[PDB]
Amino acid sequence: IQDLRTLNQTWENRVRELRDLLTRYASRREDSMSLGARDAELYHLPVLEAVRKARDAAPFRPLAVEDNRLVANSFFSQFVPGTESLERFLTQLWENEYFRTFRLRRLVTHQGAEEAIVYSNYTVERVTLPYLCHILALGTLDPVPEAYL
Amino acid sequence: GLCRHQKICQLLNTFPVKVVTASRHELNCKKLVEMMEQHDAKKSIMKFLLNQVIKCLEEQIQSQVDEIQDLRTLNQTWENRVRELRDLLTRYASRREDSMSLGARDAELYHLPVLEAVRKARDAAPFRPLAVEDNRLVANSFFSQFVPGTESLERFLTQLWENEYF
Amino acid sequence: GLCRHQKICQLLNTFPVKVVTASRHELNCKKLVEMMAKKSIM
Amino acid sequence: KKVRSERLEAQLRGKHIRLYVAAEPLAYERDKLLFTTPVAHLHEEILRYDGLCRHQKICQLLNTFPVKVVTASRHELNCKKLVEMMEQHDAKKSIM
Amino acid sequence: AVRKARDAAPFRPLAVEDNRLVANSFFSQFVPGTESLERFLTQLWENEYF
Amino acid sequence: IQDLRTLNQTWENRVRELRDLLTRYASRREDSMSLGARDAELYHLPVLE
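- For this deposition, the record names cryo-EM as the technique by which the model was determined and cites 5.9 Å as its resolution.

1. Some details on the side chain of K18 of chain C
- Residue position: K18 of chain C is located in the loop between α1 (3-11) and β1 (19-22).
- Of note is the side chain of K18 of chain C, whose polar atom sits 3.2 Å from the backbone oxygen of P16 of chain C.
- Excluding residues that lie within four positions of it along the chain, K18 of chain C makes contacts with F76 of chain A, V17 of chain B together with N24, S25, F26, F27 and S28 of chain E.

2. Observations regarding the interface of chain A and chain B
- On the chain B side, the residues contacting the 28 residues of chain A number 30 residues.
- For the side of chain A that touches chain B, the elements supplying multiple residues, two or more each, are α1 (2-22), β1 (63-64) and β2 (73-76) of chain A.
- Tallied by class, residues from the side of chain A that touches chain B come to 15 nonpolar, seven polar and six charged.
- Note: β2 of chain A against strand β1 (residues 17-21) of chain B, four bridges, orientation antiparallel. Across the sheet, the residue bridging to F76 of chain A is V17 of chain B, located in β1 of chain B.

3. Focus: the interface of chain F and chain B
- The interface of chain F with chain B comprises nine residues on the first partner and nine residues on the second.
- When residues of the side of chain F that touches chain B are traced back to their parent elements, those giving at least two are α1 (2-22) and α3 (36-44) of chain F.
- The leading source of residues in the side of chain F that touches chain B is α1 of chain F, at four residues.
- When grouped by side-chain class, the residues that make up the side of chain F that touches chain B number four nonpolar, two polar and three charged.

4. A word on the environment of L34 of chain D
All names here are of chain D.
- Assignment of secondary structure puts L34 in strand β4 (residues 32-34).
- When the C-alpha atoms of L34 and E24 are compared, they prove to be 9.2 Å apart, with ten residues separating the residues in sequence.
- Those residues in contact with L34 that sit more than four places away from it in its chain are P25 and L26.

5. A word on the pattern of salt bridges
- A salt bridge links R106 of chain A to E95 of chain A, with the shortest nitrogen-to-oxygen separation between them at 2.7 Å. On the criterion of sequence distance, the pair formed by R106 of chain A in strand β3 (residues 105-108) and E95 of chain A in the loop between α5 (87-94) and α6 (98-101) is long-range, its members being eleven residues apart.

6. Some points on the packing of α1 of chain C against helix α2 (residues 43-61) of chain D
- Packing of α1 of chain C against α2 of chain D leaves a shortest axis separation of 12 Å and a crossing angle of 15°. Between α1 of chain C and α2 of chain D, the angle falls in the class roughly parallel. Read as a crossing pair, α1 of chain C and α2 of chain D show a hand that is left-handed. The segment α1 of chain C lies against α2 of chain D, with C3, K7, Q10 and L11 of chain C engaging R48, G51, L52 and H55 of chain D.

7. Comments concerning the packing of aromatic side chains
- Arranged with centres 5.7 Å apart and planes meeting at 20°, the rings of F60 of chain A and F15 of chain C form a pair that is stacked. One end of the pair, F60 of chain A, is in the loop between α4 (47-57) and β1; the other, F15 of chain C, is in the loop between α1 and β1, on a second chain.
- The ring of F15 of chain B has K18 of chain B lying over it, and the distance from NZ or CZ to the ring centre is 4.6 Å.
- Above the face of the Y43 of chain A ring, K57 of chain D is positioned so that its terminal group lies 3.1 Å from the ring centre.

Cut-offs and rules
- Counting starts from 1 on each chain and goes along its sequence as written, which need not follow the entry numbering; residues with no coordinates are hidden.
- Labels follow written order: the first chain is A, the first ligand is 1, and so on.
- Remark: the chains included constitute part of a larger assembly, and values are reported for the included chains only.
- As a rule here, side-chain values come from all non-hydrogen atoms in the structure, and water together with hydrogens is ignored.
- Residues with missing side-chain atoms are left out of burial classes, side-chain pairs and their counts.
- Going along the chain from the N terminus, every DSSP run of H or I of four or more residues is numbered as a helix, and every run of E of two or more is numbered as a strand.
- Polar contact is defined as a pair of N or O atoms within 3.5 Å, subject to the rule that within protein one atom must be able to donate a hydrogen and the other to accept it, and that residues adjacent in sequence are counted only when both atoms are side-chain atoms.
- Only heavy atoms matter for contacts: two residues are in contact if any of them lie within 4.5 Å across the pair.
- By the convention adopted, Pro, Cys, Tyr, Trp, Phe, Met, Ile, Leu, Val and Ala count as nonpolar, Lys, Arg, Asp and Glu as charged, and the other residues, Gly among them, as polar.
- Paired strands, in this sense, are two strands between which DSSP finds at least two bridges.
- Between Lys or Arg on one side and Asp or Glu on the other, a salt bridge is scored when a side-chain nitrogen of the former is within 4 Å of a carboxyl oxygen of the latter.
- For helices, the fitted line uses only the C-alpha atoms of the stretch in contact; every axis is such a line through C-alpha atoms, and the angle between N-to-C directions lies from 0 to 180 degrees.
- Working rule for angles: under 35 degrees goes down as roughly parallel, over 145 as roughly antiparallel, 65 to 115 as roughly perpendicular, anything else as oblique.
- Here is the rule for handedness: rotate from the far helix to the near one, and if that takes an anticlockwise turn smaller than a right angle the crossing is left-handed, while a clockwise turn gives right-handed.
- Any two rings among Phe, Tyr and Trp, with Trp reduced to its six-membered ring, count as a pair given centres within 6.5 Å; such a pair is stacked if its planes are under 30 degrees apart, edge-to-face if over 60, and tilted if neither.
- We call a charge positioned over a ring when the NZ of a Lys or the CZ of an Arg lies within 6 Å of the ring centre and within 35 degrees of the ring normal.

Below, the structure written as structure tokens:
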């Protein structure tokens, strides 16, 4: 009787734990109030209230899988990817592509500071003049020099 | 061959907590249940019976039997509740396996609040452990956070293209 | 394809303290049953 | 924006009103527009920026308590059982 | 202030009762680097209006 | 009988473990679909699948 009662208690505890793990409805109904303006309000109202709200706004949800045996050897992987290292490759890809297709002139001053970037004499011939020869009127208009542009 | 190696190595360690679990060949609980059921004797007691203090002893035995019956009924009810809970959890697992409803939602994740995103992020990458059942379960493990340095040799290839066309 | 990986990689580890549990005392109970005839008495 | 005999109109108070095009959209396949404006060029990433700014605040915010611990309760309430036992023991009839 | 700080953020633990209580834990102090990509967006705005 | 049954169970477990370790055919038939374009598609479609 003592062992059966203990087993029943264990089973009840197991059922409660399983129910807590499975059911997420309570969480779904919770935090409905939270929206963008409350987030701004966090800064506006006391920080401590916000901290308490955050504490219960992202609840401690464990992770578990039933196994026949109590075997578990664990590791952790903190990670980010380096998005900055190849953004400055794609930005310097676009600029190193469009300055080879259409060869746009840059105006640089002392201590190498780049200023605004103008059309060449080549690209106006390469993209605007074919817009003039088959899309617009042909055979009368002359192309502008680069500095005059 | 290194760019997609770069992506397969960042990609397969995205789940931040991995654990390896194994099952031994010692199903003591099942055997114990079988044992207790097997024990549940009566014929010998009946034979002995057929063949003040005696009345009190008989009454005590009857009370004990009643208590045992009550315990058995409670255990059966507990077992039924446990089975129902297990079935519900098992069904919930199938729903859990399918994760992260739409592609658009990922863009939407930026728009919606972070707490909601975190909640969706829990079941969006469910806890899928990596495990192999063993017969002989001695383990000795390791972990290697890794990326390959694809920047240092791209900045070589693009300083190869310029020094090969010139 | 890396920037939304970058954000989802930041997203799934925001909760600072993580822990995992497994079933325990599968057989612990069984010890009492094991420790706890009629034919010999008959 | 009219899809049937397509045009760009403007409305106010339930009345028509003059408008003009200066950065007109790439009207394409079905029921969708694309805009060459500078803001739509950085619309997604500035939504990403607020999606990281409040991510920045929810991650500093939830680990402010400096000492965290996890506690659990086992199913071995020995003390309660012991109290019940001792009470049950508290024999006298046999002595009498 | 310290005295008020003790009860102003009371010791609220994080715990889940278990039936089967084997635990294996971790901790991750974390921030995201919002500076490195704000200084990208503001060097995007100047390079998108020019 | 109890010990022999346990031994038989252990042997069966050992055989299953050995079979899982050895056999790679399932893996070979698996992942046939994967190719260069799917790899590009990974970036194109959602990251999680």
